[PDB]
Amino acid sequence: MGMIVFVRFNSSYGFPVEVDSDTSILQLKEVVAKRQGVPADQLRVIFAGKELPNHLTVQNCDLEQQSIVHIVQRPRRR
């Protein structure tokens, strides 16, 4: 109980985040906004070829135990 999803932000590897079925994408983004000092509205979550919107929750999308997501910043100088 209590799932782990790994979060990769500007790194080659993702850190473990305890989440559950009710955790939303916006909330997950907020863990990174607080770690990087960047606003959550300038962050996006990409998972298994899908950029996931703020309101979706874990039980409402394909995230499962130990999924790894890639959080990127927008806008960001390329």
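Residue positions are given as counts along the sequence shown, with the first one as 1.
- Between the stretches 60-68 and 15-23, it is 60-68 that shows the larger average CA temperature factor.
- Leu28 sits in the highest third of its chain by CA B factor, as recorded in the PDB entry.
- When the modelled residues of the chain are ordered by C-alpha B-factor, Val7 sits in the middle third.
- For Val38, the recorded CA B-factor ranks within the highest third of the chain. Only modelled residues enter the ranking.
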